[PDB]
There are 4 protein chains.
Amino acid sequence: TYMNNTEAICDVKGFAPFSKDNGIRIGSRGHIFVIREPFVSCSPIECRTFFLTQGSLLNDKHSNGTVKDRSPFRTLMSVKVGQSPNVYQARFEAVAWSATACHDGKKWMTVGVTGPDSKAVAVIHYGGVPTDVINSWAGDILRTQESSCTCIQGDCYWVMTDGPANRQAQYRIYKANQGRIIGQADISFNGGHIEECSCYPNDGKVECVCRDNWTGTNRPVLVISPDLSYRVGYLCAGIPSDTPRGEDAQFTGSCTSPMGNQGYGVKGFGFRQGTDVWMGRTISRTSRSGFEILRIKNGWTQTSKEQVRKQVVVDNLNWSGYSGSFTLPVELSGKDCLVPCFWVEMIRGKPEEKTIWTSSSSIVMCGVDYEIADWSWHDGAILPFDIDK
Amino acid sequence: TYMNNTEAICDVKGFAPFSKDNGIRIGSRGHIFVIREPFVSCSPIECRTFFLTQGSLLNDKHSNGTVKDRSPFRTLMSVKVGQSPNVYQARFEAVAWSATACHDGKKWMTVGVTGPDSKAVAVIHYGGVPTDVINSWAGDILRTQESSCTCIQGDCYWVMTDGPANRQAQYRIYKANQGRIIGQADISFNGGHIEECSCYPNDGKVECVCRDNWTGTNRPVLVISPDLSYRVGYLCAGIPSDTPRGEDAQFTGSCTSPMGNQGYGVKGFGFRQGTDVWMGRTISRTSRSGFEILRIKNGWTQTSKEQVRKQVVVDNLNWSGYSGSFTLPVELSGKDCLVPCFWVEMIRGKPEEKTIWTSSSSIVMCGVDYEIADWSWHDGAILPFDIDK
Amino acid sequence: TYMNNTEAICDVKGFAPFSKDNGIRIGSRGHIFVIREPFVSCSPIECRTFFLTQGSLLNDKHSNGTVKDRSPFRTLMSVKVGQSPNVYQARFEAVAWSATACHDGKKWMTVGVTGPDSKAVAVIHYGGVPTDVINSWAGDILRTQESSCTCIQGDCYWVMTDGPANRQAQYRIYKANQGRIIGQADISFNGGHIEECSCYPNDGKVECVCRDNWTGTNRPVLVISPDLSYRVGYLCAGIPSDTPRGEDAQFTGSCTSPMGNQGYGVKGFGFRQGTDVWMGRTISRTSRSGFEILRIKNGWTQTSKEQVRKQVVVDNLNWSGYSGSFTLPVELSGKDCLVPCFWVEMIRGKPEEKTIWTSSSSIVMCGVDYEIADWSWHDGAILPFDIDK
Amino acid sequence: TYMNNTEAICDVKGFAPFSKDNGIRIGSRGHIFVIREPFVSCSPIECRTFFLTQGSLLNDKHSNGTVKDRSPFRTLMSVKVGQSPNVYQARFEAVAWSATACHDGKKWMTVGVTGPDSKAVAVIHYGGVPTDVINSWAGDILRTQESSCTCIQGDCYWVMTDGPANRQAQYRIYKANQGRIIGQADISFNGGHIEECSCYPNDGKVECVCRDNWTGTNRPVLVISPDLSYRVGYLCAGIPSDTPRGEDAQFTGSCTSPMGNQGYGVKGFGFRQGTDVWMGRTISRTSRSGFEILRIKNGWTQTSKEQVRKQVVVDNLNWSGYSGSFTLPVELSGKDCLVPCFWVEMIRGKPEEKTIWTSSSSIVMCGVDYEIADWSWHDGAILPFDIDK
Ligand SMILES: CCC(CC)O[C@@H]1CC(C(=O)O)=C[C@H](N)[C@H]1NC(C)=O
Ligand SMILES: CCC(CC)O[C@@H]1CC(C(=O)O)=C[C@H](N)[C@H]1NC(C)=O
Ligand SMILES: CCC(CC)O[C@@H]1CC(C(=O)O)=C[C@H](N)[C@H]1NC(C)=O
Ligand SMILES: CCC(CC)O[C@@H]1CC(C(=O)O)=C[C@H](N)[C@H]1NC(C)=O
Ligand SMILES: CC(=O)N[C@@H]1[C@@H](O)[C@H](O)[C@@H](CO)O[C@H]1O
Ligand SMILES: CC(=O)N[C@@H]1[C@@H](O)[C@H](O)[C@@H](CO)O[C@H]1O
Ligand SMILES: CC(=O)N[C@@H]1[C@@H](O)[C@H](O)[C@@H](CO)O[C@H]1O
Ligand SMILES: CC(=O)N[C@@H]1[C@@H](O)[C@H](O)[C@@H](CO)O[C@H]1O
Ligand SMILES: [Ca+2]
Ligand SMILES: [Ca+2]
Ligand SMILES: [Ca+2]
Ligand SMILES: [Ca+2]
């Protein structure tokens with residue numbers, strides 16, 4: 001049976017810890033994939049952590065140079081949420097240096113992008129086998145979400161980008177049923193930049209909060225209807241949530257336009273709450289350290305700076321990284337609404353640390369009816385490792 | 001289908017060995033979580049060992065300082081009973097430095113407590129996802145059983161404490177159905193202290209034998225009715241079963257009050273047998289070494305010193321630690337009564353031994369219709385380990 | 001549904017290789033239990049290798065002194081047939097330094113013997129939990145088959161011994177249904193000695209070929225009826241199949257009495273074939289090296305020396321050890337008869353080799369309609385290991 | 001339910017990456033079987049990688065001399081496609097130094113060949129147990145496909161060879177139902193040589209492209225009908241696809257006869273496409289380096305040199321090796337045709353490299369409706385390994 005996912009996102013007062021994998025600490029001795037870009041997505045029966053391996057293990061010579069993003073060895077794999085990305089519990093998914101994945105109620109669909117930068121191929125898998133593909137349409141690192149795609153009533157949606165990472169690119173919405181592409185649209189967004197969308201279902205639509213890697217320190221927003229018409233813009237709130245970013249005091253905000261005039265960025269997320277927004281961000285304005293989430297009153301629909309809740313999940317003495325959105329299936333939560341959850345990637349190694357390698361672990365949080373106290377569920381691994389000596 | 005668990009506890013003459021995981025011996029070479037606080041609980045299909053990891057492995061540098069109780073890295077995980085807490089067979093449960101877990105016949109409910117000491121959060125999971133929470137109500141290390149909680153006809157019960165570990169604290173009973181809290185009560189117990197309850201079903205009620213960490217060397221007793229009224233007191237028997245404790249000769253006993261005038265303690269258990277009691281305890285009066293279980297005639301209902309059976313499972317030349325109660329589902333035993341079983345934690349490392357780490361393994365015993373001979377199924381690991389050199 | 005196992009044993013011309021685990025070779029680097037006494041038994045869905053661990057791993061310091069037979073750390077565990085006894089694929093069964101196990105069509109029954117030599121306890125498990133026990137009845141190392149027990153129409157049978165290993169002991173047949181003992185008998189056998197029976201179903205009865213560790217170099221035979229009456233004696237054939245043994249030329253044979261006047265022995269097996277017998281044995285008369293199986297015409301019912309088939313599975317340049325019998329379920333083979341299969345234990349280390357440890361691997365063979373060529377599927381590990389240096 | 005597999009092979013424009021196991025890179029630290037001869041085959045539920053172990057692990061002393069082809073330690077095992085051949089995820093299949101395997105819709109059938117060169121035994125397993133055998137009929141290394149066998153409507157077909165590897169041998173087709181041999185035929189092919197067939201279903205027949213290890217640099221072709229009549233010859237195309245081979249310019253081609261006058265070879269594959277052919281081959285004419293696949297117009301039915309598509313999957317700076325064919329079940333793809341897929345073995349170590357060992361990893365590709373860009377998904381391991389120093 002297909003997951004409906006037509007419900008509204010639950011309104012939440014805070015986020016409770018779901019899981020923590022401790023992958024890099026475990027990987028000091030155990031047999032753990034060197035990874036990055038982990039993310040969580042759920043079937044009616046379980047949630048899983050997906051991750052992009054470097055085709056190599058922590059504390060091994062082959063983990064050298066893994067700060068690098070793309071290689072013929074990178075693969076999309078998965079384990080149960082909270083499990084480390086160890087070899088012996090991992091399910092192979094796809095050959096990928098960029099990925100998205102989601103379940104439609106019947107089977108898992110995964111999308112793994114691999115191949116040369118100038119002519120990359122995205123392979124769509126459904127039920128454990130290749131069923132369709134997408135070739136690069138702009139010849140410049142075809143790529144996608146690095147978090148859960150979104151299935152509503154049996155059709156699954158995701159966002160892809162092809163083109164420059166620092167100027168105007170091209171962006172598309174794809175739609176599949178049972179692993180077969182049944183629709184696609186170009187996203188018109190001149191002056192804007194869309195990368196690494198974090199999406200979720202809400203009121204029968206797909207809402208996405210993404211990454212502007214061009215000029216914006218506020219995040220692009222994309223609301224997708226099943227017919228593939230869309231509304232695109234920026235998260236209205238007068239609070240910048242990208243990294244690097246400027247100070248809140250010096251930021252104005254816009255529903256339509258990038259602001260902040262800074263390059264680069266980091267994958268991040270947001271949840272709509274009626275007209276409010278939960279927005280995640282690193283504590284540091286310049287570095288990928290710390291992680292907090294703010295509820296901005298009316299932040300979804302106007303340039304509001306009215307912060308009504310704030311919760312810290314990783315302190316600023318510790319490394320963070322990417323973050324992304326997913327929802328709990330009604331079949332698992334037992335709710336009449338979609339429980340909003342997020343994950344935080346905690347990057348260790350290069351370029352910040354004294355190692356030959358780069359990897360990451362994850363902490364997972366889910367929205368609840370209560371305020372949750374500030375804490376830090378940081379990575380906690382002790383660097384350098386043996387292989388670095 | 002919900003497990004009824006309305007039957008009486010089986011009357012038993014002795015305890016047969018169920019399992020032994022050999023985790024620390026195996027962990028000399030294999031990939032085994034550094035743990036403590038293990039415990040067993042059963043679904044209609046299998047029994048599992050739950051444990052609190054230190055988010056690190058035996059014989060690794062990250063096992064340093066693991067004598068410590070609370071950290072952001074500790075997680076509740078589980079394997080099949082008798083299996084070591086190895087990485088590759090473990091199921092993630094919750095983020096936790098204190099935990100309880102039980103099955104209701106349909107799904108597993110787990111409760112993991114993490115967060116800061118002053119404002120800890122307990123997260124209730126059901127079927128593998130967060131479904132509810134409990135915030136600290138007294139701001140002082142919210143905490144719970146460290147053994148199986150108890151499900152009767154679909155509702156699950158457990159005991160939590162919030163407050164000082166060495167003076168008057170606050171104690172509560174919680175009740176859930178399908179991962180959702182449907183009831184709670186404050187336990188009135190001025191002059192008494194309740195920690196780390198070991199519970200089990202008996203005649204449609206939840207019986208608990210707990211730990212007084214304040215003044216008592218006898219164990220608090222809590223009998224919970226489904227409506228959440230309760231009777232609370234001390235295990236009547238004129239035999240002290242906490243550690244540290246005084247000599248039996250110098251102990252009087254009380255059904256209502258703590259006795260012994262000593263601080264500290266250790267998690268322990270007891271089974272009612274009509275009006276008798278099976279009470280477990282360390283052989284040593286001062287240290288966590290050895291383990292024996294005594295059947296005291298009329299020990300549940302009066303200050304009796306009449307020991308009618310005694311069985312040793314770990315000798316006094318060897319380290320023990322915590323111990324806890326669980327029952328075999330009727331669906332597994334095939335009995336018309338609930339088979340009483342217990343587990344013994346065997347702690348190795350600090351503070352007693354010459355290592356940088358603390359962990360433990362477990363032996364599991366189940367009540368039978370026969371007397372069982374004394375023996376010692378001790379941990380058997382050879383310390384120090386390589387990482388200590 | 002219960003397995004009937006009322007059919008006749010298939011008549012076979014030879015034995016084809018089923019499996020080989022390579023446990024000790026793999027254990028040079030992988031995480032493998034130090035074991036001995038492995039054996040195979042089958043459910044309607046799969047065959048599994050059971051084994052007695054030493055609660056320690058190959059190439060680890062804790063594998064020291066594992067030539068020893070009994071300890072509090074030994075456990076019965078299992079994996080799929082052909083898999084090594086690695087940690088990460090193993091299912092815990094029982095605490096045991098002696099064991100038997102078999103499936104009744106619905107669930108696995110296992111019997112693990114542990115405890116002190118003078119008062120050992122056998123624990124019967126069914127469906128993964130303790131359901132019954134047997135206490136030592138003669139106070140001298142209660143012990144059992146070390147191979148598959150035998151289930152016919154839902155009732156399971158096995159043979160146990162209690163008493164001296166080198167003089168007259170006591171021997172019993174046990175019968176269980178669903179993990180509960182429903183019958184037992186003393187085996188009258190003055191002058192004879194029964195150890196480590198290898199049994200199988202045949203024509204609605206349990207046939208066993210065992211080990212005389214007292215005076216006999218021929219093997220005791222036990223035919224058990226469901227009502228627990230029995231016939232007991234020695235395998236008639238004028239060929240001795242125990243180890244150590246004398247030369248064939250100097251052996252007479254007897255259906256009723258031990259012959260050969262030598263102490264010690266080794267677990268071995270035999271299959272009835274009408275009135276013929278397949279008998280396994282080490283090639284060496286004195287040492288546990290090599291393995292061959294002979295079909296002796298009329299060897300089951302008379303002192304025949306007429307060898308009609310001979311097949312070698314391990315050459316005499318290589319170490320062997322125990323061997324045992326099991327049958328393929330009709331539900332798996334698709335036959336109208338019970339396929340006879342055997343396993344051979346290949347012991348490495350002490351006392352023959354230059355190591356601190358003793359372990360073993362296994363090769364598994366199943367009867368077919370064809371002659372199979374001689375070969376040697378020996379252990380192949382290269383000793384000493386690192387831990388021995 | 002039996003898989004029909006009566007459909008036509010899908011016509012494909014290119015091949016998308018399915019999987020990559022990274023076994024040898026992972027094996028630098030993890031616990032990975034030393035293997036060779038991997039291959040993929042699919043049930044209605046999943047595809048699996050089968051492989052022949054050396055009964056030893058990467059980076060262990062026992063991996064020494066593994067350039068060798070046949071030993072008593074080699075076993076057929078399997079994991080999920082894309083997973084490394086690690087110990088802890090592997091399912092035992094058969095004792096084998098040559099193998100084939102396929103699923104009939106109900107259960108897996110495997111065929112493992114082991115024993116002495118002069119009298120080898122092939123054991124057929126079905127549903128996890130031995131059900132039948134084939135003894136050497138020509139006394140000279142009985143052997144088979146090293147890729148998926150082929151099941152059509154419940155009957156499974158494969159090709160075996162017995163005899164010289166460099167002159168006229170003997171070749172047979174076998175047919176089984178539910179693990180039982182129900183038919184066989186001798187293949188008449190004087191002047192020709194058939195090894196290591198790569199087969200697949202097409203229009204209710206079994207098509208095979210094989211290896212001539214005698215004189216031919218073009219590949220033998222075998223089309224098998226269910227009644228076991230056959231047509232045998234050579235892949236017509238005027239392009240040689242064996243290794244070693246001569247230049248394309250100097251090759252003529254033949255539907256009936258070997259051409260090229262060179263010894264040796266390598267396992268390879270081909271897919272019929274109407275009258276066209278997809279033929280795989282190493283880029284190098286002399287060495288097992290690189291891998292490309294050519295679509296030759298009318299290449300199946302005439303000596304055509306008309307190359308209409310070309311796709312590279314491993315560049316000529318990198319080691320390749322064997323390659324083989326399989327199809328996606330309709331039950332998995334959702335197609336009305338059989339999706340053609342292939343795997344490429346990437347051999348590392350001896351004789352080309354500076355190690356004591358030989359192993360390999362694999363990349364898997366499946367036919368799609370699109371052209372796929374050239375790339376190289378090479379092994380990527382860094383040699384020598386620690387054990388080589
Ligand atoms: C800006 C998104 C993308 C453009 C190619 O680059 C990602 C940058 C990045 C990061 O840590 O900021 C990590 C990713 N692995 C990059 N993605 C790819 C497909 O190379
Ligand atoms: C006395 C119970 C509890 C109060 C916070 O402390 C436990 C003491 C303990 C022990 O070995 O006696 C081990 C536990 N890990 C402690 N529990 C917590 C939640 O810190
Ligand atoms: C003779 C059977 C038994 C009597 C206690 O001893 C077994 C001897 C043995 C061997 O290799 O010959 C190995 C077993 N582990 C012994 N069994 C026990 C229960 O100690
Ligand atoms: C030519 C096929 C076969 C004849 C015995 O030899 C195979 C050669 C080979 C190779 O890499 O070319 C590898 C295989 N393991 C060989 N097969 C066997 C059964 O020895
Ligand atoms: C031994 C080895 O391969 N070292 C390389 C180093 O030379 C290279 O410059 C770096 C990439 O940036 O990656 C390491 O893996
Ligand atoms: C290298 C390292 O981290 N060593 C620390 C030690 O300095 C610290 O005092 C102790 C905690 O008590 O824990 C060890 O882990
Ligand atoms: C370091 C250690 O424990 N060595 C012991 C050795 O002293 C003992 O004599 C032998 C048993 O026979 O077993 C080894 O394990
Ligand atoms: C220590 C050892 O066994 N070394 C052997 C070597 O002597 C032998 O010549 C070679 C086979 O070719 O295989 C290695 O395994
Ligand atoms: Ca930006
Ligand atoms: Ca106390
Ligand atoms: Ca004897
Ligand atoms: Ca050739």
Side-chain angles (χ1 to χ4, degrees), chain A residues 4-18 40 42 147-148 150 152 197-211 218-225 230-242 248 251 253-255 267-281 291-313 323-330 332-344 364-374, chain B residues 121 123 129-133 135:
Chain A
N4 288 323
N5 284 337
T6 48
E7 300 87 352
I9 279 292
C10 301
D11 192 282
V12 302
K13 280 173 172 179
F15 295 81
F18 188 165
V40 186
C42 304
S147 53
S148 182
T150 314
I152 298 169
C197 287
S198 303
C199 306
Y200 60 92
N202 194 10
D203 278 335
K205 296 182 184 184
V206 178
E207 299 183 344
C208 302
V209 178
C210 317
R211 165 185 177 176
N218 52 349
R219 296 194 179 273
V221 161
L222 187 66
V223 184
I224 306 161
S225 282
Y230 59 93
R231 299 187 182 172
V232 65
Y234 286 80
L235 177 59
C236 298
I239 298 301
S241 73
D242 200 357
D248 296 336
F251 190 76
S254 174
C255 298
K267 185 188 170 63
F269 76 97
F271 283 102
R272 181 164 75 80
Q273 301 276 263
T275 62
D276 294 353
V277 67
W278 279 108
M279 49 156 58
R281 70 184 189 174
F291 202 86
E292 60 187 8
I293 188 179
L294 315 185
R295 183 162 174 154
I296 306 300
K297 182 172 190 176
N298 293 322
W300 185 271
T301 59
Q302 64 206 51
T303 48
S304 169
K305 272 148 137 49
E306 187 174 351
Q307 162 187 317
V308 296
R309 310 212 183 261
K310 170 182 160 181
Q311 177 181 343
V312 174
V313 304
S323 49
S325 54
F326 69 96
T327 58
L328 293 188
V330 146
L332 274 178
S333 71
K335 298 306 204 49
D336 53 6
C337 57
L338 301 179
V339 180
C341 308
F342 65 94
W343 49 264
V344 178
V364 180
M365 313 288 295
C366 277
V368 291
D369 291 329
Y370 305 76
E371 285 203 334
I372 303 301
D374 292 344
Chain B
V121 56
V123 179
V129 295
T131 58
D132 213 335
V133 285
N135 277 325

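To find a chain, count down the sequence lines: A is the first, B the second, and so on, and within it residues start at 1.
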Give the C-alpha distance, both sets of side-chain angles, the deciding distance and a yes or no for side chain to side chain contact (heavy atoms under 4.5 Å, CB included) between A:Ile239 and A:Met279. CA-CA 9 Å; A:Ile239 298 301; A:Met279 49 156 58; 3.7 Å; yes

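- Between A:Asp374 atom CG and A:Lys310 atom NZ the span is 7.0 Å, to the nearest 0.5 Å.
- Across all their heavy atoms, A:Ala16 and B:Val123 have their closest contact at CB-CG2, 3.8 Å.
- Using a distance-only test at 3.5 Å, with no hydrogens or angles considered, no donor-acceptor pair links the side chain of A:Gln273 to the main chain of A:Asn298.
- In this structure the side chain of A:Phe18 reaches within 4.5 angstrom of the side chain of A:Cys366, judged on heavy atoms.
- Remark: the backbone N or O of A:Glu371 is paired with a side-chain donor or acceptor of B:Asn135 at under 3.5 angstrom.
- Closest approach of A:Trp278 and A:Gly14 over heavy atoms only: CZ2-N, 4.1 Å.
- Atom SG in A:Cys210 sits 10.5 Å away from atom CG in A:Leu235 (nearest 0.5 Å).
- The two residues A:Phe326 and A:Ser148 come nearest to each other via the heavy atoms CB-CB, 4.2 Å.
- Closest heavy-atom contact between A:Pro329 and A:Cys42: CD-CB, 3.5 Å.
- Taken from NZ in A:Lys205 to CG in A:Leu222, the straight-line distance is 11.5 Å, to the nearest 0.5 Å.
- Here CD1 of A:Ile296 is found 9.0 Å from NZ of A:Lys305. Values are rounded to the nearest 0.5 Å.
- Separating the CZ atom in A:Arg211 from the CG atom in A:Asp242 is a distance of 7.0 Å, to the nearest 0.5 Å.
- A:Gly270 and A:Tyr200 get closest at one heavy-atom pair: O-CE2, 3.1 Å.
- Comment: A:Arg309 does not engage A:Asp276 in a salt bridge, judged by the lack of any side-chain N to carboxylate O separation of less than 4.0 angstrom.
- A heavy-atom distance below 4.5 Å is not found between the side chains of A:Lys335 and A:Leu328.
- In this structure, A:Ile9 and A:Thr327 have side chains that are in contact, with non-hydrogen atoms separated by less than 4.5 Å.
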Derivation of the side chain to side chain contact (heavy atoms under 4.5 Å, CB included) call for A:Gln311 and A:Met365: CA-CA 11 Å; A:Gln311 177 181 343; A:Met365 313 288 295; 3.8 Å; yes

For a disulfide bond (SG atoms under 2.5 Å apart) check, start with the C-alpha distance between A:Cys208 and A:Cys199, then their side-chain angles and the critical distance, and finish with the verdict. CA-CA 4 Å; A:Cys208 302; A:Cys199 306; 2.0 Å; yes

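- Looking at A:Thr303, its side chain never comes within 3.5 Å of a backbone N or O of A:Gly253 through a donor-acceptor pair.
- For the atom pair CZ of A:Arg219 and OG of A:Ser241, the computed distance is 4.5 Å after rounding to the nearest 0.5 Å.
- A distance-only check finds no donor-acceptor pair linking the side chain of A:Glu207 to the backbone of A:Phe271 [under 3.5 Å].
- You'll find the side chain of A:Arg272 reaches within 4.5 Å of the side chain of A:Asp203, heavy atoms only.
- Shortest non-hydrogen contact noted between A:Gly324 and A:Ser198 is CA-OG, 3.7 Å.
- For the pair A:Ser325 and A:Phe342, the minimum side-chain heavy-atom distance is 4.5 Å or more.
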Any chance you could lay out the side chain to side chain contact (heavy atoms under 4.5 Å, CB included) test for A:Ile372 and A:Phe15, step after step, and finish with the verdict? CA-CA 6 Å; A:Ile372 303 301; A:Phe15 295 81; 5.6 Å; no

Begin with the C-alpha distance, continue with both residues' side-chain angles, and end with the deciding distance and a verdict on side chain to side chain contact (heavy atoms under 4.5 Å, CB included) for A:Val209 and A:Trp300. CA-CA 11 Å; A:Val209 178; A:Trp300 185 271; 4.2 Å; yes

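- Looking at A:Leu294 and A:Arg281, their side chains come closer than 4.5 Å, going by heavy atoms from C-beta outward.
- Side-chain contact between A:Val330 and A:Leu338 is present, with heavy atoms from C-beta onward closer than 4.5 Å.
- Using a 4.5 Å heavy-atom threshold, the side chains of A:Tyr370 and B:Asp132 count as touching.
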